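> Sharing my_file.cif here; it has mmCIF, C-alpha atoms.
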data_my_file
loop_
_atom_site.label_atom_id
_atom_site.label_comp_id
_atom_site.auth_asym_id
_atom_site.auth_seq_id
_atom_site.Cartn_x
_atom_site.Cartn_y
_atom_site.Cartn_z
CA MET I 1 -12.62 -11.82 -20.12
CA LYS I 2 -13.16 -11.78 -16.35
CA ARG I 3 -10.44 -14.39 -15.87
CA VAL I 4 -9.00 -14.81 -12.38
CA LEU I 5 -6.51 -17.21 -10.80
CA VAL I 6 -6.74 -17.84 -7.05
CA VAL I 7 -3.50 -19.27 -5.65
CA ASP I 8 -3.92 -20.86 -2.23
CA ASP I 9 -2.73 -24.16 -0.74
CA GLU I 10 -6.13 -24.17 0.97
CA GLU I 11 -8.62 -25.85 -1.37
CA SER I 12 -11.19 -25.15 1.34
CA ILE I 13 -10.96 -21.39 0.80
CA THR I 14 -10.41 -21.31 -2.96
CA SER I 15 -13.48 -23.55 -3.22
CA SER I 16 -15.66 -20.87 -1.63
CA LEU I 17 -14.07 -17.82 -3.26
CA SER I 18 -14.42 -19.73 -6.53
CA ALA I 19 -18.18 -20.09 -6.07
CA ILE I 20 -18.73 -16.33 -5.81
CA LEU I 21 -16.24 -15.60 -8.60
CA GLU I 22 -17.88 -18.01 -11.04
CA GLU I 23 -21.26 -16.61 -10.02
CA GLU I 24 -20.37 -13.13 -11.27
CA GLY I 25 -19.43 -14.74 -14.57
CA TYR I 26 -15.73 -14.71 -13.73
CA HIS I 27 -13.44 -17.73 -14.11
CA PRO I 28 -11.97 -18.65 -10.70
CA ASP I 29 -8.90 -20.88 -10.56
CA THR I 30 -6.96 -22.80 -7.90
CA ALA I 31 -3.23 -23.40 -7.45
CA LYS I 32 -1.39 -25.18 -4.64
CA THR I 33 1.97 -24.15 -6.08
CA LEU I 34 3.26 -20.90 -7.59
CA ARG I 35 5.59 -22.55 -10.11
CA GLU I 36 2.46 -24.13 -11.59
CA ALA I 37 0.67 -20.78 -11.73
CA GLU I 38 3.70 -19.32 -13.50
CA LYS I 39 3.68 -21.86 -16.33
CA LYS I 40 0.05 -21.09 -17.21
CA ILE I 41 0.44 -17.41 -16.37
CA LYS I 42 2.86 -17.19 -19.30
CA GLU I 43 0.86 -19.63 -21.42
CA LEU I 44 -2.34 -17.58 -21.29
CA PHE I 45 -3.71 -14.06 -20.79
CA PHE I 46 -4.71 -13.21 -17.22
CA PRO I 47 -6.18 -9.78 -16.35
CA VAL I 48 -6.37 -10.19 -12.57
CA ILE I 49 -4.88 -12.88 -10.33
CA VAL I 50 -5.07 -13.55 -6.59
CA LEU I 51 -2.07 -14.93 -4.70
CA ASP I 52 -1.97 -15.21 -0.91
CA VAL I 53 1.21 -14.88 1.15
CA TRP I 54 0.99 -18.17 3.03
CA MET I 55 2.52 -20.23 0.22
CA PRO I 56 4.42 -23.54 0.45
CA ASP I 57 6.86 -22.89 -2.40
CA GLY I 58 7.45 -19.24 -1.51
CA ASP I 59 5.82 -16.06 -0.25
CA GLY I 60 3.54 -14.20 -2.64
CA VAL I 61 4.95 -10.71 -2.11
CA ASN I 62 8.22 -11.77 -3.75
CA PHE I 63 6.30 -13.72 -6.40
CA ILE I 64 5.07 -10.41 -7.81
CA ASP I 65 8.57 -9.68 -9.10
CA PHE I 66 8.00 -12.42 -11.68
CA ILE I 67 4.55 -11.11 -12.63
CA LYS I 68 5.69 -7.50 -12.97
CA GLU I 69 8.44 -8.96 -15.16
CA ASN I 70 6.25 -10.92 -17.57
CA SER I 71 3.07 -8.91 -16.98
CA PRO I 72 3.43 -5.25 -15.92
CA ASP I 73 -0.10 -4.28 -16.95
CA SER I 74 -1.32 -7.29 -14.98
CA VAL I 75 -2.86 -6.83 -11.53
CA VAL I 76 -2.47 -9.28 -8.64
CA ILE I 77 -4.03 -9.26 -5.17
CA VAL I 78 -2.02 -10.24 -2.10
CA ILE I 79 -3.85 -11.79 0.85
CA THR I 80 -2.60 -13.23 4.14
CA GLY I 81 -4.11 -14.34 7.43
CA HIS I 82 -0.99 -13.56 9.45
CA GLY I 83 -1.81 -9.88 9.11
CA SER I 84 0.83 -7.15 9.04
CA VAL I 85 0.85 -3.47 8.08
CA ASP I 86 4.56 -3.44 7.27
CA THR I 87 4.37 -6.42 4.92
CA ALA I 88 1.16 -4.95 3.51
CA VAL I 89 2.78 -1.72 2.33
CA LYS I 90 5.75 -3.35 0.61
CA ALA I 91 3.18 -5.77 -0.81
CA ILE I 92 1.20 -2.88 -2.29
CA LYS I 93 4.10 -1.18 -4.07
CA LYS I 94 5.25 -4.55 -5.39
CA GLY I 95 2.23 -5.68 -7.40
CA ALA I 96 -0.73 -5.97 -5.04
CA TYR I 97 -3.77 -3.89 -6.01
CA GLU I 98 -5.37 -4.54 -2.61
CA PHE I 99 -4.45 -6.19 0.68
CA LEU I 100 -7.12 -8.31 2.37
CA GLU I 101 -6.62 -10.57 5.39
CA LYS I 102 -7.46 -14.28 5.29
CA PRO I 103 -11.15 -13.93 6.24
CA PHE I 104 -13.21 -11.91 3.76
CA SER I 105 -16.82 -11.49 2.65
CA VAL I 106 -18.23 -11.53 -0.88
CA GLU I 107 -19.00 -7.86 -0.28
CA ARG I 108 -15.33 -6.88 0.00
CA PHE I 109 -14.16 -9.79 -2.16
CA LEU I 110 -16.35 -8.91 -5.14
CA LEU I 111 -15.54 -5.21 -4.77
CA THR I 112 -11.86 -6.09 -5.15
CA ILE I 113 -12.30 -7.85 -8.50
CA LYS I 114 -14.74 -5.35 -10.01
CA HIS I 115 -12.21 -2.62 -9.19
CA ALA I 116 -9.29 -4.85 -10.18
CA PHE I 117 -10.30 -4.59 -13.84
CA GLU I 118 -11.66 -1.04 -13.99
CA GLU I 119 -8.37 0.08 -12.44
CA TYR I 120 -6.18 -1.96 -14.78
CA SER I 121 -7.96 -0.21 -17.65
CA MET X 1 17.86 19.90 2.05
CA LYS X 2 16.70 16.90 4.08
CA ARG X 3 13.64 19.01 4.89
CA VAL X 4 10.72 17.27 6.59
CA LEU X 5 7.37 18.45 7.96
CA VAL X 6 5.64 16.36 10.62
CA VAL X 7 1.91 17.12 10.80
CA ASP X 8 0.34 15.98 14.06
CA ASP X 9 -2.03 17.67 16.52
CA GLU X 10 0.09 15.93 19.16
CA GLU X 11 2.99 18.24 20.02
CA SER X 12 4.06 15.50 22.43
CA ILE X 13 4.85 13.11 19.58
CA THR X 14 6.20 15.58 17.02
CA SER X 15 8.52 16.82 19.76
CA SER X 16 10.14 13.39 20.02
CA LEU X 17 10.14 12.49 16.33
CA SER X 18 11.63 15.95 15.77
CA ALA X 19 14.57 15.18 18.06
CA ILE X 20 15.63 12.13 16.04
CA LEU X 21 14.97 13.89 12.73
CA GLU X 22 17.12 16.91 13.62
CA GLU X 23 19.81 14.51 14.84
CA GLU X 24 20.22 12.95 11.40
CA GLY X 25 20.71 16.47 10.08
CA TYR X 26 17.14 16.71 8.81
CA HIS X 27 14.79 19.61 9.54
CA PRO X 28 11.73 18.34 11.45
CA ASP X 29 8.59 20.49 11.57
CA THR X 30 5.28 20.52 13.44
CA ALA X 31 1.76 21.42 12.33
CA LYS X 32 -1.53 21.25 14.24
CA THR X 33 -3.50 22.15 11.12
CA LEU X 34 -3.27 21.00 7.50
CA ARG X 35 -4.32 24.32 5.97
CA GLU X 36 -1.23 25.78 7.64
CA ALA X 37 1.00 23.05 6.22
CA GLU X 38 -0.48 23.74 2.78
CA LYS X 39 0.37 27.45 2.77
CA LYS X 40 4.05 26.82 3.52
CA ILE X 41 4.03 23.69 1.38
CA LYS X 42 3.48 25.82 -1.72
CA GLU X 43 5.74 28.53 -0.31
CA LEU X 44 8.83 26.31 -0.14
CA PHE X 45 10.38 23.10 -1.47
CA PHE X 46 9.69 19.97 0.58
CA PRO X 47 11.26 16.61 -0.36
CA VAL X 48 9.53 14.41 2.22
CA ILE X 49 6.65 15.20 4.57
CA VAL X 50 4.85 13.22 7.28
CA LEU X 51 1.11 13.60 7.83
CA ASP X 52 -0.86 11.37 10.20
CA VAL X 53 -4.51 10.44 9.70
CA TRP X 54 -5.85 11.63 13.05
CA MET X 55 -6.17 15.26 11.98
CA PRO X 56 -8.55 17.97 13.27
CA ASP X 57 -9.12 19.73 9.95
CA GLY X 58 -9.39 16.55 7.90
CA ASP X 59 -7.99 13.07 7.35
CA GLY X 60 -4.50 12.84 5.88
CA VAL X 61 -5.28 10.23 3.23
CA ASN X 62 -7.48 12.72 1.38
CA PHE X 63 -4.96 15.50 2.03
CA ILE X 64 -2.54 13.75 -0.32
CA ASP X 65 -4.77 14.65 -3.27
CA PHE X 66 -3.68 18.26 -2.79
CA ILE X 67 0.00 17.33 -2.54
CA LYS X 68 -0.09 15.08 -5.61
CA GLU X 69 -1.65 18.10 -7.32
CA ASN X 70 1.03 20.66 -6.44
CA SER X 71 3.83 18.16 -5.82
CA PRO X 72 3.71 14.83 -7.70
CA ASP X 73 7.41 14.08 -7.24
CA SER X 74 6.91 14.80 -3.54
CA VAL X 75 6.69 11.93 -1.05
CA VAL X 76 4.50 11.93 2.06
CA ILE X 77 4.18 9.37 4.84
CA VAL X 78 0.77 8.49 6.30
CA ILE X 79 0.61 7.35 9.92
CA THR X 80 -2.33 6.52 12.18
CA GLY X 81 -2.84 4.92 15.58
CA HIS X 82 -6.33 3.66 14.79
CA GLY X 83 -4.76 1.03 12.55
CA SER X 84 -6.46 -0.38 9.47
CA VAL X 85 -5.30 -2.48 6.52
CA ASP X 86 -8.07 -1.24 4.22
CA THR X 87 -7.33 2.44 4.83
CA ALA X 88 -3.62 1.63 4.67
CA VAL X 89 -3.77 0.33 1.09
CA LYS X 90 -5.81 3.23 -0.29
CA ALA X 91 -3.39 5.44 1.64
CA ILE X 92 -0.44 3.86 -0.17
CA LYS X 93 -1.76 4.36 -3.71
CA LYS X 94 -2.71 7.94 -2.84
CA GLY X 95 0.64 9.41 -1.86
CA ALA X 96 1.96 7.51 1.14
CA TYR X 97 5.43 6.00 0.71
CA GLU X 98 5.04 3.97 3.90
CA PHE X 99 2.32 3.23 6.46
CA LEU X 100 3.36 3.18 10.12
CA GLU X 101 1.04 2.99 13.13
CA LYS X 102 1.07 5.63 15.88
CA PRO X 103 3.83 4.03 17.99
CA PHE X 104 7.18 3.76 16.21
CA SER X 105 10.89 3.46 17.04
CA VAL X 106 13.78 5.51 15.66
CA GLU X 107 14.88 2.26 14.01
CA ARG X 108 11.80 2.08 11.77
CA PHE X 109 11.25 5.85 11.81
CA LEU X 110 14.74 6.71 10.56
CA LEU X 111 14.61 3.91 7.98
CA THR X 112 11.49 5.54 6.55
CA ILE X 113 13.13 8.91 5.93
CA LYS X 114 16.45 7.57 4.63
CA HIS X 115 14.45 5.54 2.11
CA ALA X 116 12.00 8.40 1.55
CA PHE X 117 14.69 10.41 -0.24
CA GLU X 118 16.67 7.65 -1.96
CA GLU X 119 13.36 6.41 -3.38
CA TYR X 120 12.15 9.84 -4.48
CA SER X 121 15.40 10.15 -6.43
#
Turn this file's structure into C-alpha cells for me.


Amino acid sequence: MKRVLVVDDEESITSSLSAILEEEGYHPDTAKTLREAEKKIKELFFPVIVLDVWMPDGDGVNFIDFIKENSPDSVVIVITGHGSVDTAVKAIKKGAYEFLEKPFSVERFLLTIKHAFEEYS
Amino acid sequence: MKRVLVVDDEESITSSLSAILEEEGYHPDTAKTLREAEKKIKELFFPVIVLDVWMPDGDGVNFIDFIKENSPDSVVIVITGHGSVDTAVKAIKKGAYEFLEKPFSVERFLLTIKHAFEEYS
C-alpha cells in the first residue's frame, strides 16, 4: 500500500502535498505533533513517512531514532526550509532517504515517493 | 596509519588542508587526477580519503562507485564549492561520510577526519 504520513505543523503545505499524493493513489496524512504520529506509527504499517525538521514538539532529525528503533526497514524523508548542508548529512545517515528544502514541486516531490518505495524494497 | 588522500585540482587548497592533516599526525596527499588516485588506491591501504566534486577527469560522486567496489569498508569525503542539497544526499548514500562545501575551517575539517576513522571502526 502506498501509505504515507506527512508531518508538518503547516496545514497549508500538507494540504497541497496531500493533493498530489492522493492523486497518485497514495494515502497522504497530516500531523501537527510527532507524539501523535508515533502512536499511529506503531499502531499501523507505514512504508514511507515524511517528517519536516521545523517541528513544535521536537526536531525531526532526532525523531528518526524512534523510527529506526520501531521500524528499521521503514523509510522517512526529512525536509526543512531553514536549509543546511551540515544538518542534511547527519539527517541522511539517521533515517532520511532524501533531503528536500521547504519549497518543492510535484516533479521532485513525486520522484521522492516513487523512489522511496522501490528503494525500501 | 591515519593515511589520507586529498584529491583536488587546486594545489592551493590541498596545500593548506595538508598542513593541518600532517599536524594531527595524519598523512595528507594531493591528486590532480582521479585515475592517478585510483592506481595508488589499489596499490596501498587507505582508511579515509577526500575527493571533491569539481574534478577535471570526472565528478567525485560517481568516482565513489569504484571505491565501494574495491574498498567497501573504506570511507571517502565528498566536498564541493558549487553547493547543492540534492547532489549532497546522493553523494552521502554513495560513499561520502560527510558533505562539506569548498570553504572549511580546521575545526570542522579536523572533526571530519577524527570521526572518519572512529566511524569506520

> Select, as an MDAnalysis selection string, those residues of chain X with any atom no more than 7 Å from chain I (distances computed using all atoms listed in the file).

chainID X and resid 85 89 92 98:99

> I need the residue set behind the PyMOL selection byres ((chain X and resi 59) around 12) for this file; please write it as a list in words.

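Selected by the PyMOL selection byres ((chain X and resi 59) around 12) here: residues 7, 8, 9, 33, 34, 35, 51, 52, 53, 54, 55, 56, 57, 58, 60, 61, 62, 63, 64, 65, 78, 79, 80, 87 and 91 of chain X.
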
> Please provide as a PyMOL selection string all residues within 12 Å of residue X:110, with the sequence filter that same-chain residues fewer than 2 positions apart are discarded (counting all atoms listed in the file).

chain X and resi 4+17-26+100+104-108+112-117

> So that I can check the surroundings of residue X:49, please list as a ChimeraX atom specification every protein, DNA and RNA residue that reaches within 7 Å of it, counting all atoms listed in the file and ignoring chain neighbours fewer than 4 positions away.

/X:4-6,75-77

> How far is it from atom CA of residue I:29 to atom CA of residue I:42, in Å with one decimal?

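Calculated distance between atom CA of residue I:29 and atom CA of residue I:42 is 15.1 Å.
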
> Check the smallest atom-to-atom distance from each of I:27, I:16, I:82, I:50 to residue I:102 using all atoms listed in the file, then report the winner.

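Among the listed residues, the smallest separation from residue I:102 belongs to I:82.
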
> Quick one: distance from atom CA of residue I:73 to atom CA of residue I:14 in Å, one decimal?

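Here the two named atoms are 24.3 Å from each other.
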
> May I ask for the distance between atom CA of residue I:47 and atom CA of residue I:11, given in Å to one decimal place?

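Taking atom CA of residue I:47 and atom CA of residue I:11, their separation equals 22.1 Å.
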
> Run through the PyMOL selection byres ((chain I and resi 70) around 12) on the given coordinates and return the selected residues as a list in words.

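Answer for the PyMOL selection byres ((chain I and resi 70) around 12): residues 38, 39, 40, 41, 42, 43, 44, 45, 46, 63, 64, 65, 66, 67, 68, 69, 71, 72, 73, 74 and 75 of chain I.
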
> Go ahead and fit an axis-aligned box to every listed atom of stretch 54-68 of chain I plus 3 Å each side, and pass me the centre and edge lengths in Å, one decimal, as JSON.


{"center_x": 4.8, "center_y": -15.5, "center_z": -5.0, "size_x": 13.6, "size_y": 22.0, "size_z": 22.0}
